[PDB]
Each structure stands twice: as C-alpha cells, then as structure tokens.
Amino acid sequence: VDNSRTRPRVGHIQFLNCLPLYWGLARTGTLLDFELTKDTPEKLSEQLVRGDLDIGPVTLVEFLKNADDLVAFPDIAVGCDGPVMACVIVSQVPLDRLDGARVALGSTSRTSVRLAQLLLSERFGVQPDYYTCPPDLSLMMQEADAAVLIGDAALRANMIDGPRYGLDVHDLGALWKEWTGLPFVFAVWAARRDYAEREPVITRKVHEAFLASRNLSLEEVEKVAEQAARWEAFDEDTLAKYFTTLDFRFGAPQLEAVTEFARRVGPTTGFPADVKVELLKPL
C-alpha cells in the first residue's frame, strides 16, 4: 500500500478574476504542491462543502451557510472597495421600474445574486419575478427586463455588450458602496474544518503559498494582462484595470463588511445574522 502523504485538493475559480493568482501559483511553483480543480464559483463551493476538495475559494453566501464546517483564510479574498466591474445588473429599464419585472439570475453566482436582491428590495423598493438560468446576456435580455451576472460574462456586459447596445450596467460593488460606504467580499478561501484539523501544517503551507502567489500576481499584473489579452475580446488595458480594481485583501475592514452583509441577508439566506467567521490561526 502507498500510504505516503497526498497533495491537498485545491479549487480555483476559472474566471479572469483569479487568472493572475493562477499565474502566481504557477510562477512560484506552488501548483506542484496542489491537486488543482478549476470550475465556476458555485460548483467549487459545492465540491468543498461535500468533501471533493480540501481547500478552495467559497462564495461568501455559501461559506456563511457552512461557517461551522469551514475555516477562512485571512488576508486573501475576492472583493472590492467600490466598483468590482465583474458583478453587475444589466437592465433595459431604470431600476425603479423592475417591480414585478422579470429578472434573470446567472446560475454561477450565489453572493452577487443575493446582494442584487438585497439592493433592489431594501434600497430601491422593487419586487421582481426572479428566475435562475445559465449566464447568457443575449438570451437573458430576450426573456427578462434585467439580468444579474458575474465573472467574464459580467465583465463583457460591462465593457462591451452594454455600451454597444445601450444597456444600463450597474456595478454591484458600487451600488453597495453607495448604500453603505463599505467595501464588499464576494468569495473567501477556506479549508474544510476536518482537513484543517487533520493537517494543520499543509493547510498553513497552502495558505502561505496563496498569499505569496497573490502578492506576486499584484507585482506582475502588467505581464499577466498582456498574456491574457491574447485570448480575450478584452485588451491589455481593460484587463489591467480589472485586475487592479479587484481587491484581494481580507483584513479588519473587509470582515467589517462581511459582518454587515451577513446581518442583512442571514435570516433569509440560511445562516444566523451574527454568524461566526472562524479564521485560520497563525502559529
């Protein structure tokens, strides 16, 4: 029997928002200490929760629903302080005309869709007829007045499709900041509690390697954008602005925002309004 140690199974969001991080993991050689899995954020969260991954990114809403079973990594997250550029509401009408209107929710999202619902109800006062469908701006606009998108599809709606076809594109990060003055966190990195307790060292080394890879990705954002632009409708400048508008910090200001968002949606999203976020303790 081969009872040797086994690499941690690590999820990774396939979208552009984590492409610089993937660059960092590869350039540092960290990838060879992972058994990596790429998917969309809702799938990666499902996989970590059910045990098909040991460590990975978790969309915030799904993390809070499973907070007792997850240990969040400090000082890294997928967030924003103001605009996030790639979490948006695309609408053919002003937001105050969406009461009773058909609003499409991209299936790949769990946190942005909930944040959009929070804003429309509690900030703008509209009660739309929501439905979930795969992300597709062309099809969504034919069946609904507005659509909530994340990832590359939202970046394309914001940078390309919206301007071309004269559609309003609302940045969810900006709408949240206007309403609360706070930054926002869409996803955290977490280890399964059972894995963190079985392998405290590997979990710590994975966390430290993510920080080192994130730090390197910030320093070489220009190189990453140049290479990534060759395979996208986006150009180098647009990607570089997107990569640098994204906020990957996860300290006290970011937890402050998580706390307040959890309070406003918790009782209606399946976790206590005062849900406890357990963070990986340093040595």
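Just count from 1 along the sequence shown to find any residue number.
Student: Return whichever of 268-276 and 12-20 has the greater mean Cα B factor according to the PDB record.
Tutor: It is 268-276 that shows the higher mean C-alpha B-factor.
Student: On average, are the C-alpha B-factors higher in 101-109 or in 84-92?
Tutor: Result: 101-109.
Student: Taking the values straight from the PDB record, which of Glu232, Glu220, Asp237, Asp39 has the highest C-alpha temperature factor?
Tutor: Comparing C-alpha B-factors across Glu232, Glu220, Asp237, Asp39, the top value belongs to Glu220.
Student: Name the one of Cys133, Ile150, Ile160, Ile76 with the greatest CA B-factor according to the PDB entry.
Tutor: Each of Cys133, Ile150, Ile160, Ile76 was compared by C-alpha B-factor; the highest is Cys133.
Student: Once the chain's modelled residues are ordered by C-alpha B factor and cut into thirds, is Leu115 in the lowest, middle or highest one?
Tutor: Its C-alpha B-factor belongs to the lowest third of this chain's values.
Student: Taking the entry's C-alpha B-factors for this chain, is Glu197 in the lowest, middle or highest third?
Tutor: Middle third by C-alpha B-factor.
Student: If you rank every modelled residue in this chain by C-alpha B factor, which third holds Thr245: lowest, middle or highest?
Tutor: Middle third, going by the recorded CA B-factors of the chain.
Student: Looking at the entry's B-factor column for C-alpha atoms only, identify whether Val169 ranks in the lowest, middle or highest third of its chain.
Tutor: Ranked within chain, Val169 CA B lands in the middle tercile.
Student: By the record's CA B-factor, is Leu137 among the lowest, middle or highest third of residues in the chain?
Tutor: Highest third of the chain for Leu137's C-alpha B-factor.
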